[PDB]
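Down below is the structure, laid out as structure tokens.
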Amino acid sequence: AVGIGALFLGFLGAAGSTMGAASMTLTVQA
């Protein structure tokens, strides 16, 4: 139950966190 699922979650959480910074870290939302 939710065994290997842990490996995709671990790396797929890098893509969202990296593409979120390109959201203009100035002050505008997105």
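Just remember that the authors' numbering sits 1 ahead of the position in the sequence shown, which is counted from 1.
C-beta: ideal position from N, C-alpha, C; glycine also.
{"Check": "Test item: CB-CB of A16 and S24 under 8 angstroms", "Outcome": "no"}
{"Check": "Distance between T19 and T26 (C-alpha atoms, nearest Å)", "Outcome": "12 angstroms"}
{"Check": "Straight-line gap, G11 to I5 (C-alpha atoms, nearest Å)", "Outcome": "10 angstroms"}
{"Check": "Alpha-carbon spacing of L13 relative to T28, whole angstroms", "Outcome": "26 angstroms"}
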